[PDB]
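Peer 1: Pasting the sequence and an experimental structure:
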Amino acid sequence: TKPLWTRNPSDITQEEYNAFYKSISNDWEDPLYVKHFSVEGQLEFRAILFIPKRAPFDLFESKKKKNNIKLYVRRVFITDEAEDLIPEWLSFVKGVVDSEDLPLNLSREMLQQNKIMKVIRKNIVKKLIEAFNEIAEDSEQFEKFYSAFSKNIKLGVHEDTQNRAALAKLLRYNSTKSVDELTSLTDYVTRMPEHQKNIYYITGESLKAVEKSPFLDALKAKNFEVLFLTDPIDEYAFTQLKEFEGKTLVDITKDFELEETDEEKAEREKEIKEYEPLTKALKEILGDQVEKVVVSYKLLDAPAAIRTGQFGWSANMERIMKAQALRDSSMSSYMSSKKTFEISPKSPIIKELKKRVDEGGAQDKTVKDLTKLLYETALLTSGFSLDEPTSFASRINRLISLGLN
Amino acid sequence: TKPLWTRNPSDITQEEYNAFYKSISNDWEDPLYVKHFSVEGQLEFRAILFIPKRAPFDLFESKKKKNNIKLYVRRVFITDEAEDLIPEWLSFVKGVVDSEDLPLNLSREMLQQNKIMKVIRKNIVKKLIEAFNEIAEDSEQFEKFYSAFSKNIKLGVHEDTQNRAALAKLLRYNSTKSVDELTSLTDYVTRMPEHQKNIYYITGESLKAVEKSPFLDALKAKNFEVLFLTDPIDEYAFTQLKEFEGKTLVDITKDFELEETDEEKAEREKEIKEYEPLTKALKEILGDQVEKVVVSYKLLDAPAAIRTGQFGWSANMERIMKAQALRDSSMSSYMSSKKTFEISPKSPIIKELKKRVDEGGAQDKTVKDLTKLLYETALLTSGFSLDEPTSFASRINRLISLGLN
Amino acid sequence: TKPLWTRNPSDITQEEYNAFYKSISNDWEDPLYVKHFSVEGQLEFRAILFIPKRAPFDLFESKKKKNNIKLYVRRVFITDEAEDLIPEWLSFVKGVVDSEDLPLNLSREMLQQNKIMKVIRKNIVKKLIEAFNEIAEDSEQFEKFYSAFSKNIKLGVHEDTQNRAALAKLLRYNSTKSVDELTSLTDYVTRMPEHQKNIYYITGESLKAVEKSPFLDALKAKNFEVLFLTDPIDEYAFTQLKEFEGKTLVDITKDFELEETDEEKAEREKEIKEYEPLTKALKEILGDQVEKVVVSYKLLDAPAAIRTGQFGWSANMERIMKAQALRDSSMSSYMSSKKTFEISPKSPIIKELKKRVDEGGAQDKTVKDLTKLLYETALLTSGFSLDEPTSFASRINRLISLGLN
Amino acid sequence: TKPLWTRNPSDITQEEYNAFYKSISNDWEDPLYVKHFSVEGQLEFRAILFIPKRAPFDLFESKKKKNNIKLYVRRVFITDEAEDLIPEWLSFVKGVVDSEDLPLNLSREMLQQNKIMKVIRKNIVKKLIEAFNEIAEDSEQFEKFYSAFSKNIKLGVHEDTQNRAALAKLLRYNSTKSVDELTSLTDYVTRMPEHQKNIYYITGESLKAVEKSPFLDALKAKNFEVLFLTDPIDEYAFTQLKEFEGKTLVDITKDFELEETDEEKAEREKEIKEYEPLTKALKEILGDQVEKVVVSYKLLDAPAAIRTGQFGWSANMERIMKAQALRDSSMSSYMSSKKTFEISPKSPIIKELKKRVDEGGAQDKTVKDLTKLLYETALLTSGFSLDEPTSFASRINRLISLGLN
Amino acid sequence: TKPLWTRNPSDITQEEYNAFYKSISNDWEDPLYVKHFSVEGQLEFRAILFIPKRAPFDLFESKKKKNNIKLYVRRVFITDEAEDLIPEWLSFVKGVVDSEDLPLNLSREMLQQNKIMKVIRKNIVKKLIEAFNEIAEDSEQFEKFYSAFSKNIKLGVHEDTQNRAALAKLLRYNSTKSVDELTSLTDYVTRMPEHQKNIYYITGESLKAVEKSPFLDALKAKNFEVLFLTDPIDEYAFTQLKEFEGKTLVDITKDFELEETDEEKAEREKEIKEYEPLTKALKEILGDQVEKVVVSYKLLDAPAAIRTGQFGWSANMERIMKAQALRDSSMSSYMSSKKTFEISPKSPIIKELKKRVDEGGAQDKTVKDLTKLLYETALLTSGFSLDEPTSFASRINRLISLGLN
């Protein structure tokens, strides 16, 4: 009679694992995948870890319990409340780990024991990634795995600094080039033309919301795929990954793409300069509400828009840090990010404002009102809340009337 | 020798209570007030309850522990985890209760015990309100009690159906007529002119936000005080109290006030009827985004506005239930309320829309666009988030050009 | 490949529910009944609740754990320690509830969430009663359901004010007219002749004890069914139900029935008045031990008896509140109850005492001793403990002593 | 600048101990007594234990927490949930123990450590009794110590087999010869005449009840002091102590005293034998309700009485085991105890029954009824509940009924 | 319907138990043995206890939870955290006990309840040993039971004073005559020759270590079996059992065996006396590091050795209590034992030291050094750590040179 985890995997039937899983898990369903391995070498252990079909609870929300993998040493049960055997992003994992080297009844002063635990843990994580990569091979199997554990995967990417890279490969999203189905980063990279330099994503409330972005039009025309990231960790993960091959970037932020077809690269400076005295003029109005006014070719068929600085929390994030101050009835402190007001010369509305400026109209109540209004609108369009009812109400009424009487 | 609480209050010094409080409380500070009483009659007990100067923790936020008043029976310590000895809205209270009648070691089947427990509690609560009424006598003393316990007071008003009425008297708020200082309901009531019928209030994010309400202008003109309630319970409480003498009402909801000068009462129907075919027309455009379009005289110098139905959670509340789904991606949906789109005939913008309708222009892209836009604006003005960037952006740009082009 | 509770009941097999139950329950046995339903409308949720064959534990006695139904929102596990999702009397219920509307991470200040909880609960209860009503259809199924959950049923009647009425229907008792088998209230109501006005029960220790009640004889003669209630909740439930069509009443309390075919109604006052000077006389002896001495026709072939006042806790309840003080070396009395000493003119023993009174023997040591003794006896007979050994011992030896020499 | 307990007691002031106590205790009051000692030798430790003025909680009742003495080793805090450092009956004790010898981080397999614990404990107990013995010196101090810790004292006697003997000394009771004031065992032993062989106690509900015992009269006449024990542990303790010099015995049980100045010793057998055919006769009636009928001279001026067998739980205990079954709608009997029905030949009532028996009246319905009734009465008198209402009611009415007509 | 444990064992199938076990245990495997019995008589209960195939956790190590046997009274679940229903040495046992006599809702003052609890437990234990005795019948079955529970068996022998004797019979060990296989005490006993008087054992680190003991040679030569006990409890158990037929004894302690050939018995005193002045001399050098120097015939072909006193913890135990202080820096000190320094006259090295002493060389630096060194070596040989590097190093280097220089 010998404990299941000491036996050889090729020599345990399913059913055995199934019952073992059941007895440890309170899951009525069989386990999605069973990873049963042994390490040898410097340190030695055996383990049977199980991947459930469905999340037994979820990280964030869903209360928060410690992992309950059965830690054994030298085949003797020690605890199922192991201190640092596995990271929070894998708390859903179930099973047994039987160490040969963990010391028993040693003062907590002896840190050799933590180090040993720390390399047992590191191994588990390796082996589990190896398992996910194996599940990935089966489309149906992975469908459920991802559907249940995406957020763990994402947190893994945020948290783990070694395995960050490999875990990325298990991420999956909708995109412009994958509307129904979910696409991989590796796939996204395949669809990249020879001259695309970066991987483009967009962050926002939901899929529905994120496609209406005015920011898309430009990349689309260029034929670049844009990924959709509608969950908050999505950002924390991405901003921490930094890159996959090319750098990964939100296009709701300070972008900078290509020779704008090298021809356009040429005539742009010619134009950008013509607009300079507008640039300065608009900034004189907006004052501090903005960091700077600029001309954008990354903006199609829309007068203006707002891009938060790169290296600073996205519009989508502000939206959340800020909806809070408007609930917490004490706070009004802001850690936020800098705003860049973009102007599209292609939009006749802009062409027109240039005209009035190139005609001494640098401080017309009319040109002031238009600017201001265009700005507030940008905030809306670019998914921001604006600045106060009054001001904005007023601005609009004064311009309906011109379109009426 | 004899336990402090058995002794006669007039015959225990301060310093004794003070050390008693300190030993039971982990408060470094002395207690704000000590209510030490004894009930006799049907049932008997003595108690000493303390009121802290500062909340030892807060309900909502601030974790959530069980009350720890030391329950004694016949001078024998039983527990400081009493089952229903005091309501959650008073969890902050501290001290000892010593019952003479509570039975020991009775099956939980014997409900007599709960009933006894229930009449001990009802009494505590009585005595405590008695205590707060006493503190109310001292301006400085109350200042701190209120400052710490206002929310308990409000939850009390929401929860307690008997003492609801009395607890109200302890509430305090800023108002139109009390800008810096807090005013009492009873006070507000004094401030009523003979013909005021109701007590006006307003729900909103903060004071700053709530004064910019366009809904104030009307009451101001009539001279009626409006109360400011910037906290969620403020509402759950008021909607539960229902009235203090007159009925209490948010003016962000379907109001109905005062004769309007009975003269105006007269010419109004004449006008309202004139507008009927506009009313229907605008509703035909808005479809289901609104419940109904109406003409308001409760709206001054502003084209349009939005009022949620009375008997439904305020705009201010939606703002909050809605901002949540926009943090939760297992969501998409909110407790909206019924929206009433209000039209001011005094605003020329409206006079004009009637003109175009009284001229077959019932389905002009121009009249459609203006309506739609006036509506979206109302949401902003009336403290709502709108419906989607796109639509809104578009509408404005066209207003700009076509009102300038 | 989708959580069991989101699937359609008609399309889940048994065996699936069975294993689901087993994984959630630690019951080695299958479930008694599985109610799997969905609510739509105002709010939305699906659930699968299970009814065990046998109480997993009992309320009262058997420790006391919080319910462990798995609360989900939007298909995401939140907790199995739900705040107020199900009432105590149903704590034995097991399974899953998946709300669509419950908000996550909202301040506890937001009471909307409790309200939503409150309606989710109310529904569960509805559906649950629904299920019992369905189990009620099967005799053998119900037998076990009742045998296990009767006390829950009873507490529910006591507790729930809405469903009280329907829950009654599920109660079941022995009665005078149902000696072996259990009868329903609805049944009892059938067996009621046209002129029976109330529903009659009796409260006492056990069945064996409760049949020997002298109080039955009068109802029997009248051919009125009496129910037997030998459990304490039985009472708390009854006294809370108040009625079923007619008022429900203990006949160990202040009754008042009929008119004795009305003939007896006539001659009674004639007789009652004859006994008046006895009445007053016996009361002069008993003093305060009694509230009043009266003549009863509700008492057959027994000299005297004792009825607690109606609107006051039954003899059976006192027996319990009082057996406690006699374990607490600290309690002196409690509530007790007002006692009414009943005299039967048909018993020769009484006829005789009248004789001695109608002969100046108002204060005979002999007449005193007989009264006192008759009284103590009534306490025994009417299921009470008496007053002190001494006094009673003495009385008997003498009424043996004079009874011979 | 060194931990208080390592310092020399003669060199710590009060005020220091007081604050130390207060920091460790949450008692607003100072300690009653502080025992601060050190052991050296085989093993070594220092301690400061405190005795409260008033029970911080009570054993039995009052929940039940583990002791929270601060266990230190080598001046390093280890825990305040010590494994077996102090016995339950002392759980109220507060302070610090600092062992020099307890091993840290040793497998639980190493029982040496428990042994060391075991002797540390045994010592504490020694020193503690030492302290009580010291409090015993001060009347007022002891008054409060006893008033608070009597039950601990009693449990200790029950529990501790070594210190049982000394702990007795600290007990205190009312007695026949000490009516107001409390007397010690050692005192009682003084008041014992040369020929008194045993120490006599009685067990019952309260003082008031226990004095009306018919069992006292015999000891009184003999001029033997009887102690009053009105608490249940009193018994468990006594029956466990067994003796103090002479054997300690309940006189509600099978006694056997003296020789009645020996004269009575002579004429008794002559009489006992005369009654033999009555003896057998009454037993033929009572059947199994009794173990045996006997003639007692330990019973004055009362016809009959009931003594439970010695070596069996007292009447007082039954009263309790039995009041339980009568709350548990499930219990049938328990242990009970063998009953001995005692007859007093000095009571004319008995003399008479002999007469009817010595006249063929061995099976008279009249003689049956008297026996039975005398018996039931004995149960009441001797502090028992009887057998069924009916039977008893009936018996009385007739023995009223024939007692007149 | 009826709870499994109420049913008759001969009438419940396997599979029922098996599923019952599984539902209560979280063991994936079936139970090793199921003991299902019922007690009647004085007290009554039924039980089903299970024996696992493998330890569900281990005592010592392996955290430490309370036993979770489901306690029922009168077929009503009370708790699975029973107060003293089973001893710690059996905490691994699982199942249900259903008492008929345990009282519910009794003050904790009523110790009757503990007593009942105590006789339920005593019975369980009986039955369980009965079960182990049964398993003992099956070689393969026992193999696994022993393998899992040996330590419980041993703690049992240590703790349980009644069943001590029987539990012994279940112990198993390797020995000199059983090298691979485990042997029983009863077996060992068979292996005794007529004249063997005791049962020999040896305590040490492991088997490997314990066979290299120089203490074996003597017994081997005589042909006596020595048992190997490589676990700490092995000792705490044996020292508590004291004997099985003959007394049991570690031969690492003060032995005393067999006639030695009664011839040798004769010439020994003659010799021992010759050595007396050496004996004293060597002790004069060693001072307090030893208790006494003696001459041994229980020592073959080795100059000297060390035996701890009998009635004191073995060398093997010191090794352990000492290795701890050498991990603990709040220490310095250990439970040493008394050491006896043994001299073999057959070793020429000794013969020589006598020569130098019988020649005034009682205090030669040379004879001092040799003694000292022989001693330190004995500590090593006899499985002890020595006294300090320095001293020892030095001694050797001087031996090298001066034995070579």
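Peer 2: Looks like it arrived, so ask away. Residues are numbered from 1 along each chain as shown, chains lettered A, B, ... in the order given.
Peer 1: got the residues of the stretch 201-350 of chain A near chain C?
Peer 2: The stretch 201-350 of chain A has residues residue A:327 near chain C, with proximity defined as CB under 8 Å from any CB of the partner chain. Quick note: C-beta positions are derived from backbone N, CA and C, even for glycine.
Peer 1: okay, now the residue in the stretch 201-350 of chain A positioned nearest to chain C: neighbour count?
Peer 2: Here the stretch 201-350 of chain A gets closest to chain C at one residue, residue A:327, 7.6 Å apart by CB to the nearest CB. Using other CB atoms under 10 Å in any protein chain shown, residue A:327 has 17 other residues around it.
Peer 1: need the contact list for it.
Peer 2: Shown in contact with residue A:327 (CB atoms under 8 Å, 6 or more residues apart in numbering or on different chains): B:205, B:320, B:323, C:107.
Peer 1: Equivalent analysis for residue A:281, please.
Peer 2: Contact analysis of residue A:281 by CB under 8 Å, 6+ apart lists A:357, A:362, A:367.
Peer 1: Check the gap between it and chain D for me.
Peer 2: According to CB to the nearest CB, to the nearest Å, residue A:281 and chain D sit 71 Å apart.
Peer 1: Residue A:8 now?
Peer 2: Per CB to the nearest CB, residue A:8 is found 32 Å from chain D.
Peer 1: Quick check: phi and psi on residue A:176?
Peer 2: phi -60, psi -40 (degrees, to the nearest 10).
Peer 1: give me every residue that touches the closest residue to it other than its chain neighbours.
Peer 2: Spatial nearest neighbour of residue A:176, excluding adjacent residues (CB to CB, 6 or more residues apart in numbering or on different chains): residue A:226 at 4.7 Å. Residues in contact with residue A:226 (CB under 8 Å, 6+ apart) are A:175, A:176, A:200, A:201, A:202, A:216, A:219, A:220, A:251.
Peer 1: pretty sure the third one contacts residue A:251?
Peer 2: Yes - contact status for residue A:200 versus residue A:251: in contact at 5.5 Å, counting by CB atoms under 8 Å.
Peer 1: State the distance from the residue of the stretch 251-400 of chain A found nearest chain D to residue B:182.
Peer 2: Proximity to chain D, evaluated over the stretch 251-400 of chain A using CB to the nearest CB, is greatest for residue A:330 at 33.2 Å. Per CB to CB, to the nearest Å, residue A:330 is found 17 Å from residue B:182.
Peer 1: which of these two has more neighbours?
Peer 2: When neighbours are counted by other CB under 10 Å, residue A:330 and residue B:182 differ, and residue B:182 comes out ahead with 15 against 7.
Peer 1: Please tell me how far that one sits from residue B:150.
Peer 2: Relative to residue B:150, residue B:182 is positioned 9 Å away (CB to CB).
Peer 1: likewise residue A:310?
Peer 2: To residue B:150, residue A:310 is 45 Å away according to CB to CB.
Peer 1: Those two: who's more crowded?
Peer 2: Neighbours were counted for residue A:310 and for residue B:150 using other CB under 10 Å; residue B:150 has more, 19 against 15.
Peer 1: Regarding the more buried one, what is its secondary structure?
Peer 2: helix (DSSP: H, G, I helix; E, B strand; the rest coil).
Peer 1: Please apply the same query to the one 4 residues further on.
Peer 2: Reducing the assignment at residue B:154 to three states with three-state DSSP gives helix.
Peer 1: Let me see the contact set for it.
Peer 2: B:171, B:231, B:233, B:234, B:236, B:237.
Peer 1: biggest separation within these, which pair?
Peer 2: Within the contacts of residue B:154, B:171 and B:236 form the most distant pair, 13.0 Å apart (CB to CB).
Peer 1: So which bits of stretch A:77-90 are buried?
Peer 2: Buried residues in stretch A:77-90, counted by 16 or more other CB atoms under 10 Å in any protein chain shown: A:77, A:78, A:79, A:80, A:82, A:85, A:86, A:87, A:89, A:90.
Peer 1: I misspoke; the intended subject was stretch A:336-350.
Peer 2: A:337, A:339, A:340, A:341, A:342, A:343, A:344, A:345, A:347, A:349, A:350.
Peer 1: Tell me where chain A has strands.
Peer 2: Assigned strands in chain A, in chain order: A:33-39, A:45-51, A:70-73, A:76-79, A:94-99, A:172-173, A:183-184, A:199-203, A:226-229, A:248-250, A:292-295, A:304-308, A:339-343 (criterion: DSSP state E).
Peer 1: what angle do the last one and strand A:304-308 make?
Peer 2: Orientation of strand A:339-343 against strand A:304-308 (axes from the mean of the first three to the mean of the last three CA atoms, to 10 degrees) gives an angle of 150 degrees.
Peer 1: Just checking strand A:339-343 against chain B, any contact.
Peer 2: No - counting by CB under 8 Å from any CB, chain B has no neighbours in strand A:339-343; the shortest distance is 13.3 Å.
Peer 1: Now do that strand: everything it contacts.
Peer 2: The contact list for strand A:339-343 (CB under 8 Å, 6+ apart) reads A:254, A:275, A:278-279, A:282-283, A:286, A:289-296, A:298-299, A:303-309, A:350, A:375, A:378.
Peer 1: same question, the fourth one
Peer 2: Outside of strand A:76-79, the residues that reach it under the criterion CB under 8 Å, 6+ apart are A:70, A:71, A:72, A:102, A:104, E:55, E:56, E:57, E:58, E:61, E:62, E:63.
Peer 1: Filter the residues you listed down to the ones in helices?
Peer 2: Using DSSP state H, no member of the contacts of strand A:76-79 sits in helices.
Peer 1: okay but residue A:1 is in contact with residue E:55, surely?
Peer 2: No - checked against CB under 8 Å, the pair residue A:1 and residue E:55 is beyond contact range at 12.0 Å.
Peer 1: who's more crowded, the two?
Peer 2: Per other CB under 10 Å, whichever of residue A:1 and residue E:55 has more neighbours is residue E:55, with 18 against 11.
Peer 1: for the residue lying closest to that one once chain neighbours are set aside, what are its contacts?
Peer 2: Spatial nearest neighbour of residue E:55, chain neighbours left out: residue E:148 (4.5 Å); criterion: CB to CB, 6+ apart. Residue E:148 is in contact with E:52, E:53, E:54, E:55, counting by CB under 8 Å, 6+ apart.
Peer 1: Cool, thanks, signing off.
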